[PDB]
Amino acid sequence: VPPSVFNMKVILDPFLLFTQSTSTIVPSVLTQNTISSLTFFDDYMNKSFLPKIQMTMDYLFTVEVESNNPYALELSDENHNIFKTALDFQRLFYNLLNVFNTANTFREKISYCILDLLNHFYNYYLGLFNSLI
Amino acid sequence: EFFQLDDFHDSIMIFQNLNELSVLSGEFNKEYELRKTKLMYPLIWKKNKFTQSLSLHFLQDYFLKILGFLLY
Amino acid sequence: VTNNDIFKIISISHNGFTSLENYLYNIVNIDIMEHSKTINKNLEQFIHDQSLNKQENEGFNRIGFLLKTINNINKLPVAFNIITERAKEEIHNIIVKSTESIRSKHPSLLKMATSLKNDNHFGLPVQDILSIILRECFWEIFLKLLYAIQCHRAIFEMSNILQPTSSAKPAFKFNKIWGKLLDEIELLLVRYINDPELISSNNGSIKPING
Amino acid sequence: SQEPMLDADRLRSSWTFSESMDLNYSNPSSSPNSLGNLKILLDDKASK
Amino acid sequence: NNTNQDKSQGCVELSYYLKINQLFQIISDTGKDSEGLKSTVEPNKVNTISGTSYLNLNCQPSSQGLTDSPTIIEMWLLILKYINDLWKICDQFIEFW
Amino acid sequence: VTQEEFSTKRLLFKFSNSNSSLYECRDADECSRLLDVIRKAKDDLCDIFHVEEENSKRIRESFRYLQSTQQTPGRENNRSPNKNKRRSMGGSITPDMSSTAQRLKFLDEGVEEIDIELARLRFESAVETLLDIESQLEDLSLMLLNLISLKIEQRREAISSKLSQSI
Amino acid sequence: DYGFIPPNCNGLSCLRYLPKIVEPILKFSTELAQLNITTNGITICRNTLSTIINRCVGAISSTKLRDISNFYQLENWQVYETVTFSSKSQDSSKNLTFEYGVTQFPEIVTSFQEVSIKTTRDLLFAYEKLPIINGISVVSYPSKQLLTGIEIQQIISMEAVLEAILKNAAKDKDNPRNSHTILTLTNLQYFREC
Amino acid sequence: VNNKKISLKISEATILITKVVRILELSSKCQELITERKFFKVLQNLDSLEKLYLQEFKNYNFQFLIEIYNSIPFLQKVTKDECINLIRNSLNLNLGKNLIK
Amino acid sequence: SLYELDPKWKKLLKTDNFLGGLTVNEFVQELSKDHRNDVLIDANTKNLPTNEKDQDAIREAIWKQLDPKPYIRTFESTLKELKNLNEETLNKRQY
């Protein structure tokens, strides 16, 4: 997706206080007696914010493609590549950000970061599926 | 002597907003390469491309000398 | 009026981070004692003003809306008037108005876009730097809209429940049934325009395929 | 997943914010059962 | 904290995990230095060599005793909120009597 | 209220923010005395309270809260290891830095000269330039000064790493 | 005050925050019976005050000890980090250069600050200080428990040298691995004047 | 005429102040445009200047040349200094070399 | 490098400064920035396309030869701010 943004991974400023209206009109509590389409918290935290987390992860992996089969610096080795320490920096950064404790911590945000790992093994699997294969 | 000093600071300031800011130097290096590689038994020809006989001993030491300092 | 004596007003000195002691996230939001307060207030004056005819935090709601809204003599079109004006033009008026007020108050939208802070420096400065603003802004938005749709449920009750004095009550009931369908729309797009810039959403140009 | 302590890497954490980067997942919150659980969760996440 | 713990028993090594040098010189900045001089403690290898005095203010926001996000939420929220409320109650009773 | 009598005398252009008024006075003597007395309400607007200290001293005290201290504490605050949209106060409304940090402020551009000279691998002169900056910094050590020294030691790291790669 | 498991402790968290949750209750008490309404419950403040106070100071001490035994474990896998010395020789000739091993310097701090906090529980009962005087706590009070604080602090420093004993001898075989194990004697040599 | 005196020094003082302000900003742009064959503090000091003149420091609508200049200088100084530096050392690429033999 | 950077402004600005008296201090703001005899020629600056023969550098210098022109003129208006300080001298006399 063209990342203009859906919102971002920046709901952490917004989505605290905008759950108070999801709990003071408790969405939707009052709302007197009719058919009123209540929740709406989640419904975007179900649909929108979760897929925006998934594709936001995907474009974040596209900020570590870097077009090199390979090159790196590597105090001990070659370590092939900046790709490698890229995905280390990414999964270290996000795996400090998106979850620390609590393990779910997630609907599938766990499975989201698992999918970022799976894409990383797809790409560095594809280098060996290109140079060797 | 300073043969990339301009390319150094060029790449610095241009690398404040890298890297099409220094990507056309690939094209200018390929062009003026393809002039300086040329010709003398024409030698921009190394892209799957008589003038053979325009080469002898002085043209030899000339040719591989000048290409040698090009590689240097 | 009595809805969140403000957090993050101000700073319990010194005790500054965690975000403060107030929030986060000790501003529970549990179900909120804040919402026991507000949803005690509107249940108090709603079913107890209704139960009455079957600053007390906040007496201006049922007071001004009562002695105002009952002293109408041809009320039934005017209910539709305040409905059909206030839904679109009020919801976009407030939700525009606050972001305008910050958008020139101390803007400096400098930290113009991300200052290229990669990538996934995803609202990094909170940490109390420049997302001390937007938390107060979007917090003030969802707070004001909360007291709003509260009060539109309070006129959608107040006289419509129960015919004080008009048994054609379904006007303001529509102005909950599509009152809340108004405001939950107007916040939802304000979700989708929380794009990653502090997007500030104040242009209105709509160009076709020819410039 | 183990963070665990670092410092590594770049801005000495460079992420460090980190409200599950955005959640509390603040269920209502209103749900203190906690189940005495479990593995944490094999769940095919171990298979993941 | 911690369910399926570090087991056992979940210390942060926080006097390193913070205080390798930390609030060890920020919570100790109303604490250090009070005659806490250097004697060539320009840390001559790389990094921790600011160390002049009063202030050259870093002057850490000091996340906590470091890895306590939730435990500073516990001590802070519990102890400071409860004792704050009781400060208000004893104020109101102080007026009342 | 623009003075647009050039398109039409006896006409006014009052474009208040997100609005526009063509409130056409009938005669032009009422237009000329109207924009003239609104120019005397620019002898009240533009003279009484245009700014005259208002945006001036408001820019003084409001600018005076610049990056992080005005407002010291502090228990949620620090600005140690960053630039973080670094407020170049020398190029800002101070222009008049103290000749220590003014003459080292151009040696902060001399620090950037070291970034050129490192950026062309010419280490030697940039190292000795940095020695001069250590000398003047060392001796004449008023608040941003420390942050300048932070940038200095940052680049001392950059040098030590860079030589230790280059050897 | 802990609050949670690990770090009110090592992690100077009750070492900082415990002064706050201590001090407000102290002012709330001292006021709350400084109104002398009426009698024989000012006794109850004299009980509850020193109860929570001395229990708290004991808590910070216990945290500091069982904390500080874990200090040098997993800390000093470092190099001669902090400074230097100036110890003269037997011929008084400039022979230091004794340096550095920064686990000296950290434990030089985390007791001095605890001295500052326990200074702010012993000397806590000065600044309250109003009439009647309902002075519910003595500014220089517990000479018995002051001697006990001397005992616990002596046990703390003894736990420090025990920590370098275990960490030196077996945890595990590398100050780095003889590789300056002289590092460990350098640290102890600084500890003789630290 | 004592209020025309005080008014004259008043508006003379304020217009002197704003004149000093725009004098400072155009002075800084002159400091930018003066720097030829340096190309290093060009984006640094120039981009520091554009962060004030079109931006918050002089964000009245005051002049035309201030508005069109500080609004213009993105593409002019950035594109012209940019491709100026790009065809710089293409000069040296012609100068590197003819000393091959 | 004189009041020849603001020659007609000795009338076109200074008479509007002398007995104007500034009318109405938005013209002293904006039309003295539209700058009678100085930046009333504000047209075609322009960093001239086409290709760098014609011209792209002299008109780029003349994109800010109001930094030359209207700032030795605004500086001459700062030198006329010394004349306004001379107007503040006599405005310190009669006051």
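Quick reminder, even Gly has a Cβ in these numbers, built from the backbone with ideal geometry, and neighbours come from all protein chains shown. Only the coordinates and a few stated rules stand behind these numbers; no lab work does.
Within 10 Å of the Cβ of each residue in E:19-29, the mean number of Cβ atoms contributed by other protein chains is 6.
Cross-link reach is defined here as a Cα-Cα straight distance under 19 Å, omitting same-chain residues fewer than 8 places apart; for residue B:49 the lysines meeting it are B:30, B:36, B:38.
Under 19 Å of direct C-alpha separation, and excluding same-chain neighbours fewer than eight residues apart, residue F:42 reaches these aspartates and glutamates: F:4, F:5, F:29, F:30, F:52, F:53, F:54, H:12, I:16, I:26, I:30, I:34.
Once every DSSP H run of n ≥ 4 in the protein assembly as shown is given -39500 (n - 2.57) and the sum is divided by its residues, what mean residue ellipticity at 222 nm do you get, rounded to the nearest 500 deg cm²/dmol?
Mean residue ellipticity at 222 nm (helix-derived): -14000 deg cm²/dmol.
Compactness check for the stretch C:81-159: Cα Rg over 2.2 N^0.38 Å is 1.45.
Pairing the Cα long axis of helix I:69-93 with the longest principal axis of chain I, what angle in degrees results, from 0 to 90 and rounded to the nearest 10? Taking Cα atoms only, the helix is inclined about 0 degrees.
Which shape class applies to the stretch C:172-211: rounded if a/c is under 1.5, otherwise prolate when a/b exceeds b/c and oblate if not, where a ≥ b ≥ c are the square roots of the Cα gyration tensor eigenvalues?
Oblate.
Using only C-alpha positions, report the orientation-averaged shadow area of the convex hull of the protein assembly as shown, nm², one decimal.
Working: hull surface 269.7 nm².
For the Cα atoms of the protein assembly as shown, the hull's average projected area reads 67.4 nm².
For the stretch D:4-48, what class follows from the C-alpha gyration tensor (a ≥ b ≥ c being the square roots of its eigenvalues): rounded when a/c is under 1.5, otherwise prolate if a/b is larger than b/c, else oblate?
Because a/c hits 1.5 or more and a/b fails to exceed b/c, the stretch D:4-48 counts as oblate.
Note on the stretch C:73-211: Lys pairs 8 or more places apart or on different chains, Cα atoms under 15 Å apart, count 8.
With just the Cα atoms defining each centre, how far is the stretch G:153-194 from the stretch B:1-43? Give it in Å. Result: 59 Å between the Cα centres.
Exposure proxy check: C:102, E:89 ranked by fewest other beta carbons within 10 Å? Write down the numbers at each step before the final one.
Values: C:102 18, E:89 12.
The most exposed by this proxy come first: E:89, C:102.
With a/c under 1.5 counting as rounded, go ahead and sort the stretch C:1-134 into rounded, prolate or oblate using the C-alpha gyration tensor (a ≥ b ≥ c being the square roots of the eigenvalues; past the cut-off, prolate if a/b is larger than b/c, else oblate).
Details: a/c = 3.24, a/b = 1.66, b/c = 1.95.
Because a/c hits 1.5 or more and a/b fails to exceed b/c, the stretch C:1-134 counts as oblate.
Choose one of C:124, G:175, F:150: the residue whose Cα lies farthest towards the positive end of the charge dipole of the protein assembly as shown (beta-carbon charges +1 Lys, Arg; -1 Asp, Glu; about the Cα centre). Comparing the listed Cα positions along the dipole, C:124 ranks first.
Using DSSP H assignments, which helices in chain H have an axial alpha-carbon span of 18 Å or above and a mean Kyte-Doolittle hydropathy of 0.0 or higher? Kindly include the intermediate steps, with their values, before the conclusion.
Values: long enough: H:2-34 (45 Å, 0.28).
Helices passing the filter in chain H: H:2-34.
Suppose every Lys and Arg Cβ carries +1 and every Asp and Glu Cβ carries -1, with no other charges. What dipole size does chain G come out with about its Cα centre, to the nearest 20 debye? Kindly include the intermediate steps, with their values, before the conclusion.
On the way: 18 positive and 18 negative charges, 67 e Å.
Dipole about the Cα centre, nearest 20: 320 debye.
Computed from the C-alpha gyration tensor, the three semi-axes of the ellipsoid equivalent to chain E are 35, 24, 9 Å, from longest to shortest. Close amide H pairs (under 5 Å, H built 1.01 Å from N) link residue F:13 with F:2, F:4, residues at least 5 positions away or on another chain. Sorting the segments A:81-91, E:68-78, C:82-92 by their mean number of nearby beta carbons within 10 angstrom, highest to lowest, gives E:68-78, A:81-91, C:82-92.
For the stretch C:118-211, the Cβ-based charge dipole about the Cα centre amounts to some 600 debye (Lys, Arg positive; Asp, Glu negative; other atoms uncharged).
Mind checking E:34-40 for the average number of partner chain beta-carbons within 10 Å of each residue's beta-carbon?
Values: counts 3, 1, 4, 1, 4, 6, 8.
Mean partner-chain Cβ count within 10 Å for E:34-40: 4.
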